[PDB]
Amino acid sequence: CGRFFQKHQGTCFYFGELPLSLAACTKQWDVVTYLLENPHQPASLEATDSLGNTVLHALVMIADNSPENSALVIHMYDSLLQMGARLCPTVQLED
Amino acid sequence: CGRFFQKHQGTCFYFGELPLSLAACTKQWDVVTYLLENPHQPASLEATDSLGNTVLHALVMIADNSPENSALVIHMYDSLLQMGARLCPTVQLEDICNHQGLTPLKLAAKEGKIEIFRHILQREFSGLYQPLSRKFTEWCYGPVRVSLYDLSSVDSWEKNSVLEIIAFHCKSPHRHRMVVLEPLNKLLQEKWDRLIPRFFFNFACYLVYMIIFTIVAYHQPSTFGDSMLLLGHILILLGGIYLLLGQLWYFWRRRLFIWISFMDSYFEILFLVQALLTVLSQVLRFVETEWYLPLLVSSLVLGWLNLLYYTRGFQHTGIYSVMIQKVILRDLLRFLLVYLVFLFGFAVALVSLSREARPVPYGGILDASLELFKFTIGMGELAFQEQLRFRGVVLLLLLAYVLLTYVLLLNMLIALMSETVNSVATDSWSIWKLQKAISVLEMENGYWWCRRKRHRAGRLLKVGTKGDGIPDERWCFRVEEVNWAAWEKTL
Amino acid sequence: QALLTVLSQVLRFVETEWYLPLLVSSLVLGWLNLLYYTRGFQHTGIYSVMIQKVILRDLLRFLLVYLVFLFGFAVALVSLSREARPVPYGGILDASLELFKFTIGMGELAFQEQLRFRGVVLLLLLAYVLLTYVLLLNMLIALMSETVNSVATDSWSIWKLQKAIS
Ligand SMILES: NCCOB(c1ccccc1)c1ccccc1
Ligand SMILES: NCCOB(c1ccccc1)c1ccccc1
């Protein structure tokens with residue numbers, strides 16, 4: 001939680017300030033898997049950032065109207081939702 | 001160096017009058033190689049022609065806007081630059097001033113070449129040949145990219161720059177499209193945002209001067225009030241002479257601008273005329289003549305019309321002013337030509353008649369012309385003159401005139417202006433950007449009396465390492481851009 | 001409109017001479033507001049949206065240029081015609097009204113034989129009518145034609161949004 005990552009006016013890049021969010025928003029479908037299913041310390045998928053955003057929220061914010069960005073965000077969103085449902089069905093991340 | 005090769009009008013082909021230039025411009029990547037690497041007598045790559053052009057200059061001149069020609073010139077230019085760097089790195093061929101004193105970038109800008117000019121403006125290479133690069137990329141952390149374009153010989157700080165050459169020296173039909181490209185757009189936008197205060201201060205000062213002029217001209221001759229009138233008069237005279245000095249200094253400094261495009265600005269002439277009228281009106285009032293009021297009122301009108309020059313400094317109004325100018329120059333003078341022909345013909349026709357009876361309307365040419373213009377303005381007096389013996393002839397002539405003018409000409413003019421407005425939509429934005437760029441360049445230079453100190457924008461950011469020892473420095477213009485098409489291909 | 005109505009009633013209770021202006025202004029504003037309700041139809045809401053879009057897009061630039069030209073020419077004419085050889089162009093209000101008459105379709109373009117600057121006044125009037133009655137108004141017609149052509153589907157979308165808000 002610094003200044004570059006914060007969503008503001010100027011030089012910035014917002015990704016939810018979380019390693020899993022950084023991987024997902026970066027189109028990195030491999031390290032996200034390892035972080036999810038690393039036996040040493042699996043990363044909780046419902047952990048939030050300072051502003052209250054979650055991984056899905058972070059995926060939403062960086063979304064734009066560019067066809068390529070829209071496709072990337074759609075694919076990552078769907079895949080992450082399916083995976084999260086497969087890990088901990090008891091919690092609805094959409095809410 | 002004869003007649004066919006020399007760049008002129010007629011049967012001609014220019015290739016720099018050098019065998020290597022002929023080979024390169026001819027798309028012959030083989031004999032150029034042999035000439036460069038022939039052991040018996042290698043051909044120097046920095047040898048010039050009579051005009052001072054070099055091989056790169058020759059490649060630039062023959063460049064056109066055709067996609068195939070642009071691609072050919074781009075490929076040959078890049079390959080030859082790489083080869084020259086590989087042969088004699090100690091000499092930078094990109095910096096070779098010909099007789100006129102221009103480099104390939106400056107020459108490409110002046111000659112109107114856009115494709116090759118833009119390609120030279122923003123080009124990048126791999127790790128090898130990296131120094132031969134204008135565009136760079138510091139890091140690509142995430143989807144953002146931080147580009148750093150070189151600002152050597154393109155910034156306004158230099159005595160001669162690409163911005164100045166495009167603004168005041170280029171005479172291409174659509175040079176206004178050369179100021180919308182990458183940091184010639186962003187750089188100009190930054191300069192404009194930094195210089196807004198100067199522009200609006202100038203606008204406010206001019207408005208104050210015009211308001212004083214109006215007040216003096218309203219409560220003018222036909223104690224305290226007399227002293228106020230006198231001080232207003234002296235202030236107006238001082239303002240007029242100061243405007244005259246400024247405009248004369250501008251013309252003296254840019255005296256090689258009018259022949260390129262008189263109508264590009266066409267506003268400095270108006271300011272000069274207004275100042276001349278004001279000063280001359282004051283002098284003739286000193287002479288106590290009856291022609292003081294006409295000149296003074298004409299100056300007042302011209303100033304209040306000139307204020308549009310300042311009001312076109314906004315996105316929403318500059319485009320409207322540009323459209324006004326384009327319509328005026330495109331389709332309003334043909335309409336006037338046809339209108340005056342018809343009006344003079346019908347006016348003299350009506351004057352010839354109505355001169356034989358069985359307050360005389362159509363007594364002269366002025367009266368008939370005024371009546372016809374009243375027809376055109378919406379107050380046509382179309383009656384049945386029962387006094388003159390040619391009632392029917394006069395009535396039919398008036399009906400024919402109104403049918404030919406009030407139905408065809410004016411409504412057709414409406415339609416033609418609709419078409420013209422539809423045609424010029426994006427060109428309006430480009431021309432507005434060019435006008436704003438010219439205003440920025442003029443403001444950057446100080447007034448005719450105060451020598452404004454130059455502000456050399458850009459960051460002295462060390463880029464890469466040249467093929468030498470101690471490293472190099474180069475001023476650049478940082479530009480951040482969020483891109484995913486390029487970022488998705490870096491993985 | 002509600003503020004004007006209530007305040008007009010209060011000032012009438014005060015027995016002032018400014019009751020009629022405020023009351024009539026309220027009446028006019030209400031009759032104009034009725035368009036809010038009339039734009040509840042497919043065929044009329046789009047027209048109202050187009051009216052608003054044209055007003056906001058290209059009618060204020062025209063007014064800016066118009067008022068600049070009109071004030072300049074009005075004060076110019078008032079300065080003249082003040083020296084002879086019912087005085088037209090007596091003040092600024094009269095000259096402005098005469099120019100607006102030119103623009104509305106009842107321009108009084110005559111040869112004033114009384115003032116000593118006949119030709120100057122006539123040429124100024126001719127220049128004004130040429131610059132305003134030919135360029136500005138017909139150009140405004142063309143610009144509104146372009147604007148109407150531009151906003152066709154956006155008009156439907158904005159009408160749908162307005163109906164959703166209602
Ligand atoms: N001469 C006053 C300013 O020029 B304008 C004009 C009027 C007189 C002569 C030629 C042109 C005009 C053109 C564009 C914007 C505003 C008006
Ligand atoms: N003020 C009356 C209603 O607004 B309208 C209008 C009139 C006065 C001030 C500004 C706008 C108008 C715009 C669209 C539809 C109908 C008329």
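Derivation of every value follows stated rules applied to the coordinates shown; laboratory data play no part. Cβ sites come from the backbone with ideal geometry, for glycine too, and all protein chains shown count toward neighbours.
Restricting to region C:86-105, and then to whatever is within 11 Å of chain B (Cβ to nearest Cβ) and more than 14 Å from B:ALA217 (Cβ to Cβ), can you tell me which residue is farthest from the chain's Cα centre (by Cα)?
By that ranking, first place goes to C:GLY91.
Within region B:203-245, can you find the residues that are of a type in the set (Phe, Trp, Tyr) and either within 14 Å of chain C (Cβ to nearest Cβ) or loosely packed, with under 11 Cβ neighbours inside 10 Å (or both)?
B:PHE203, B:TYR206, B:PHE213, B:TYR218, B:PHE224
Using the structure shown, decide if A:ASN65 is loosely packed, with under 12 Cβ neighbours inside 10 Å, polar (S, T, N, Q), out of contact with any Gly (no Cβ under 8 Å at 6 or more places or on another chain) and under 20 Å from B:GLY142 (Cα atoms).
yes
Suppose the filter is within 11 Å of another protein chain (Cβ to nearest Cβ), more than 30 Å from C:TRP156 (Cβ to Cβ) and more than 16 Å from ligand 1 (Cβ to nearest atom); does C:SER26 pass it?
no
Considering only region B:441-460, state which residues are assigned to a helix (DSSP H, G or I), within 28 Å of B:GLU473 (Cα to Cα) and among the hydrophobic types (A, V, I, L, M, F, W, C).
Hit for region B:441-460 is B:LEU441, nothing else.
Where the second residue is assigned to a helix (DSSP H, G or I) and the first is farther than 25 Å from B:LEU295 by Cβ and lies in region B:247-276, which pairs have Cβ atoms under 6 Å and are six or more apart or on separate chains?
The qualifying pairs are B:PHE257/B:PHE168.
Filter region C:112-157 down to the residues that are farther than 30 Å from C:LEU56 by Cα, of a type in the set (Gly, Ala, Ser) and more than 10 Å from chain B (Cβ to nearest Cβ) and list them by number.
Matches in region C:112-157: none.
For region B:161-182, enumerate the residues that are out of contact with any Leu (no Cβ under 8 Å at 6 or more places or on another chain) and either closer than 18 Å to B:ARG474 by Cα or among the acidic types (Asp, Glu) (or both).
B:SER161
Find the helices (runs of 4 or more DSSP H) located wholly in region C:37-134 whose residues include 2 or more that are within 16 Å of ligand 1 (Cβ to nearest atom) and among the β-branched types (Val, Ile, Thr), and list them.
In region C:37-134, the matching helices (runs of 4 or more DSSP H) lie at C:60-79.
Of everything in region C:29-75 that's of a type in the set (S, T, N, Q) and farther than 30 Å from C:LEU7 by Cβ, which residue is nearest to the other protein chains (Cβ to nearest Cβ)?
Of everything passing the filter in region C:29-75, C:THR44 is nearest to the other protein chains (Cβ to nearest Cβ).
Output the residues belonging to region C:6-28 that are within 16 Å of ligand 2 (Cβ to nearest atom) and either under 20 Å from C:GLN162 (Cβ atoms) or of a type in the set (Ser, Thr, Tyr) (or both).
Listed by number, the residues that qualify are C:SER25, C:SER26.
Here are some residues: B:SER428, B:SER423. Which one is more than 30 Å from B:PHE251 (Cα to Cα) and among the small types (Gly, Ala, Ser)?
Sole residue among the options that is more than 30 Å from B:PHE251 (Cα to Cα) and among the small types (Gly, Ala, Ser): B:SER423.
Which of the residues belonging to region B:290-316 are of a type outside the set (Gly, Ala, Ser), within 12 Å of ligand 1 (Cβ to nearest atom) and over 17 Å from the mean Cα position of the chain (by Cα)?
Hits for region B:290-316 are B:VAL301, B:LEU302, B:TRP304, B:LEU305, B:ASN306, B:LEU307, B:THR311.
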